[PDB]
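Colleague: So I've got this file, target-v6.csv, and it contains CSV, C-alpha atoms and all ligand atoms:
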chain,number,residue,atom,x,y,z
B,1,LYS,CA,0.0,0.0,0.0
B,2,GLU,CA,1.7,3.1,-1.4
B,3,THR,CA,2.5,6.2,0.6
B,4,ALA,CA,1.6,9.5,-1.0
B,5,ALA,CA,5.2,10.5,-1.3
B,6,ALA,CA,6.2,7.2,-2.9
B,7,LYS,CA,3.3,7.5,-5.4
B,8,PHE,CA,4.5,10.9,-6.4
B,9,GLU,CA,8.1,9.5,-7.0
B,10,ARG,CA,6.8,6.6,-9.0
B,11,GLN,CA,4.4,8.7,-11.1
B,12,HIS,CA,6.5,11.8,-11.6
B,13,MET,CA,10.3,11.4,-11.1
B,14,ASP,CA,12.6,10.5,-13.9
B,15,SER,CA,16.1,11.7,-12.9
B,16,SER,CA,17.9,9.1,-15.1
B,17,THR,CA,17.5,11.2,-18.3
B,18,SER,CA,17.9,14.9,-18.9
B,19,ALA,CA,14.9,15.0,-21.3
B,20,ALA,CA,12.7,13.0,-23.5
B,21,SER,CA,14.6,12.5,-26.7
B,22,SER,CA,12.1,10.2,-28.4
B,23,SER,CA,8.5,10.3,-29.5
B,24,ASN,CA,8.1,6.9,-27.7
B,25,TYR,CA,9.3,8.1,-24.3
B,26,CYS,CA,5.8,8.3,-22.8
B,27,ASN,CA,4.6,5.0,-24.1
B,28,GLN,CA,7.6,3.3,-22.5
B,29,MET,CA,7.6,5.3,-19.2
B,30,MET,CA,3.8,5.1,-18.6
B,31,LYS,CA,4.1,1.3,-19.0
B,32,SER,CA,7.2,0.8,-16.8
B,33,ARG,CA,5.9,3.0,-14.0
B,34,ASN,CA,2.7,0.9,-14.0
B,35,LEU,CA,0.5,3.8,-15.0
B,36,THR,CA,-1.2,1.6,-17.7
B,37,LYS,CA,-1.9,-1.4,-15.6
B,38,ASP,CA,-5.8,-1.4,-15.1
B,39,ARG,CA,-6.5,1.7,-17.3
B,40,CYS,CA,-4.7,4.3,-19.3
B,41,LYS,CA,-3.9,7.2,-17.0
B,42,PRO,CA,-4.9,10.0,-19.4
B,43,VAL,CA,-2.3,12.7,-18.4
B,44,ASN,CA,1.0,12.5,-16.5
B,45,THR,CA,4.1,14.6,-16.2
B,46,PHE,CA,7.6,13.4,-15.6
B,47,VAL,CA,10.3,15.7,-14.1
B,48,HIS,CA,13.9,15.2,-15.2
B,49,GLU,CA,15.6,16.7,-12.2
B,50,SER,CA,17.1,15.2,-9.1
B,51,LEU,CA,14.7,14.1,-6.4
B,52,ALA,CA,16.4,16.6,-4.0
B,53,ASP,CA,15.8,19.5,-6.4
B,54,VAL,CA,12.1,18.6,-6.7
B,55,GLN,CA,11.7,18.1,-2.9
B,56,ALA,CA,13.3,21.5,-2.5
B,57,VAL,CA,10.3,23.1,-4.3
B,58,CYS,CA,8.3,22.6,-1.0
B,59,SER,CA,10.4,25.4,0.4
B,60,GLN,CA,10.0,27.8,-2.6
B,61,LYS,CA,7.1,30.0,-3.7
B,62,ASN,CA,3.8,29.3,-1.9
B,63,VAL,CA,0.9,29.5,-4.3
B,64,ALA,CA,-2.7,28.3,-4.5
B,65,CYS,CA,-3.4,24.9,-6.0
B,66,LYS,CA,-6.0,24.6,-8.7
B,67,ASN,CA,-8.5,23.1,-6.2
B,68,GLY,CA,-8.2,26.1,-3.8
B,69,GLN,CA,-5.8,24.5,-1.3
B,70,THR,CA,-2.8,26.6,-0.1
B,71,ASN,CA,-0.1,23.9,0.2
B,72,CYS,CA,1.1,24.3,-3.4
B,73,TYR,CA,4.6,25.5,-4.3
B,74,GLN,CA,6.0,26.8,-7.6
B,75,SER,CA,9.6,26.2,-8.4
B,76,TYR,CA,11.7,29.3,-8.7
B,77,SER,CA,13.5,28.0,-11.7
B,78,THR,CA,12.3,26.1,-14.7
B,79,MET,CA,12.8,22.4,-14.8
B,80,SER,CA,13.0,19.8,-17.6
B,81,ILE,CA,9.7,18.0,-17.9
B,82,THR,CA,7.9,15.7,-20.2
B,83,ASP,CA,4.1,15.8,-20.5
B,84,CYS,CA,2.5,12.5,-21.5
B,85,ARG,CA,-1.1,12.7,-22.8
B,86,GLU,CA,-3.3,9.9,-24.3
B,87,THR,CA,-3.9,10.4,-28.0
B,88,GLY,CA,-7.4,10.4,-29.3
B,89,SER,CA,-6.9,6.9,-30.7
B,90,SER,CA,-5.7,5.4,-27.5
B,91,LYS,CA,-7.8,2.9,-25.5
B,92,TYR,CA,-7.0,0.3,-22.9
B,93,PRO,CA,-5.1,-1.9,-23.0
B,94,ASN,CA,-3.2,-0.5,-26.0
B,95,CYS,CA,-2.5,2.8,-24.3
B,96,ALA,CA,-0.9,5.4,-26.6
B,97,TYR,CA,0.7,8.7,-25.6
B,98,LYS,CA,1.9,11.9,-27.1
B,99,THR,CA,5.3,13.0,-25.7
B,100,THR,CA,5.9,16.8,-25.2
B,101,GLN,CA,9.2,17.9,-23.8
B,102,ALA,CA,9.4,21.3,-22.2
B,103,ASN,CA,11.3,23.5,-19.7
B,104,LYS,CA,8.8,25.0,-17.2
B,105,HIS,CA,8.2,25.9,-13.6
B,106,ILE,CA,6.5,23.0,-11.7
B,107,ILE,CA,3.8,23.4,-9.1
B,108,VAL,CA,3.5,20.7,-6.5
B,109,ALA,CA,1.4,20.1,-3.4
B,110,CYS,CA,3.4,19.3,-0.3
B,111,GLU,CA,2.5,17.4,2.8
B,112,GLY,CA,3.9,15.5,5.7
B,113,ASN,CA,7.1,15.2,7.8
B,114,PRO,CA,9.4,15.4,6.0
B,115,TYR,CA,7.4,18.0,3.9
B,116,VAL,CA,7.6,16.5,0.4
B,117,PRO,CA,5.7,16.6,-2.8
B,118,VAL,CA,2.6,14.5,-2.9
B,119,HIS,CA,0.7,15.8,-6.0
B,120,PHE,CA,1.7,17.4,-9.3
B,121,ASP,CA,-0.6,20.3,-9.8
B,122,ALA,CA,0.6,22.0,-13.0
B,123,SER,CA,3.6,23.4,-14.9
B,124,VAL,CA,4.1,27.0,-16.0
G,1,CL,CL,4.2,-0.1,-9.0
G,2,CL,CL,0.6,15.1,-13.9
G,3,CL,CL,5.5,35.4,-1.2
G,4,NA,NA,3.8,10.2,2.3
Can you present the structure in this file as structure tokens?
Ligand SMILES: [Cl-]
Ligand SMILES: [Cl-]
Ligand SMILES: [Cl-]
Ligand code: NA

Modeller:
Amino acid sequence: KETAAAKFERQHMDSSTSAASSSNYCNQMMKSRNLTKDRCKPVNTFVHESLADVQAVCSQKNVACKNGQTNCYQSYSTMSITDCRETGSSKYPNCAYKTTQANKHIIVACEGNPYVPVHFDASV
């Protein structure tokens, strides 16, 4: 049974590459992180920074989350990210994703002790 912090790591951290350099990155990563197991997760962002750098966002700019909560934090700097989105022709179990690489500020919700990211809210 997965902790919220561990779920964030599994869904959103990819420190092993500096960027998505292939159109098939999302198809491979959504599968290997078990985000296509019982259904195709429609949208998911991977962050290509160290875990420490992403955890540090919880001490950066405090902003509102989309849902009105006030435990969201926006990174001061831009980060390398890859947005993965199901294509219109995708449907389980043959999940298919579009890969879009970008450099953007990330916004995460943080909780707990230690105070760490538990939800990916958006990128700007
Ligand atoms: Cl898993
Ligand atoms: Cl996401
Ligand atoms: Cl402020
Ligand atoms: Na947790």

Colleague: Taking all atoms listed in the file into account, which of B:67, B:24, B:15, B:82 comes nearest residue B:51?

Modeller: B:15

Colleague: Calculate how many Å separate atom CA of residue B:42 from atom CA of residue B:111, rounding to one decimal.

Modeller: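 That distance, rounded to one decimal, is 24.5 Å.
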
Colleague: Which residue out of B:11, B:45, B:75, B:18 has the minimum interatomic distance to residue B:33 when all atoms listed in the file are used?

Modeller: B:11

Colleague: So which residues touch residue B:107 within 12 Å, counting only C-alpha atoms, skipping near sequence neighbours fewer than 6 positions away, as a PyMOL selection string?

Modeller: chain B and resi 45+47+54-66+70-79+81+117-124

Colleague: Please identify all polymer residues within 8 Å of residue B:83, counting all atoms listed in the file, omitting same-chain residues fewer than 5 positions from it, and present them as a PyMOL selection string.

Modeller: chain B and resi 43-46+98-102

Colleague: Which of these, B:80, B:69, B:3, B:90, has the shortest distance to ligand NA 4 (chain G) once you count all atoms listed in the file?

Modeller: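 Result for the nearest residue to ligand NA 4 (chain G): B:3.
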
Colleague: What does the list of residues within 10 Å of ligand NA 4 (chain G) look like if you count all atoms listed in the file, written as a short mmCIF file (atom, residue, chain, number, x, y, z; two decimals) with C-alpha atoms, keeping the file's coordinate frame?

Modeller:
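Result written to selection_38.cif:
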data_model
loop_
_atom_site.label_atom_id
_atom_site.label_comp_id
_atom_site.auth_asym_id
_atom_site.auth_seq_id
_atom_site.Cartn_x
_atom_site.Cartn_y
_atom_site.Cartn_z
CA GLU B 2 1.70 3.10 -1.40
CA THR B 3 2.50 6.20 0.60
CA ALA B 4 1.60 9.50 -1.00
CA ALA B 5 5.20 10.50 -1.30
CA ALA B 6 6.20 7.20 -2.90
CA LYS B 7 3.30 7.50 -5.40
CA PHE B 8 4.50 10.90 -6.40
CA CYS B 110 3.40 19.30 -0.30
CA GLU B 111 2.50 17.40 2.80
CA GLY B 112 3.90 15.50 5.70
CA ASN B 113 7.10 15.20 7.80
CA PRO B 114 9.40 15.40 6.00
CA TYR B 115 7.40 18.00 3.90
CA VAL B 116 7.60 16.50 0.40
CA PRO B 117 5.70 16.60 -2.80
CA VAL B 118 2.60 14.50 -2.90
#

Colleague: Which residue is closest to residue B:12? Choose from B:53, B:48, B:104, B:92 and count all atoms listed in the file.

Modeller: B:48

Colleague: Do you have the atom CA of residue B:41-atom CA of residue B:19 distance handy?

Modeller: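 Atom CA of residue B:19 lies 20.8 Å from atom CA of residue B:41.
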
Colleague: May I ask which of the residues B:36, B:68, B:84, B:91 is the closest one to ligand CL 2 (chain G), counting only C-alpha atoms and all ligand atoms?

Modeller: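 Residue with the minimum atom-to-atom distance to ligand CL 2 (chain G): B:84.
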
Colleague: Measuring atom to atom with only C-alpha atoms and all ligand atoms, identify which of B:88, B:10, B:28, B:17 is nearest to ligand CL 2 (chain G).

Modeller: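 Under the stated criterion, the closest residue is B:10.
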
Colleague: At what distance in Å, to one decimal, does atom CA of residue B:9 lie from atom CA of residue B:105?

Modeller: 17.7 Å
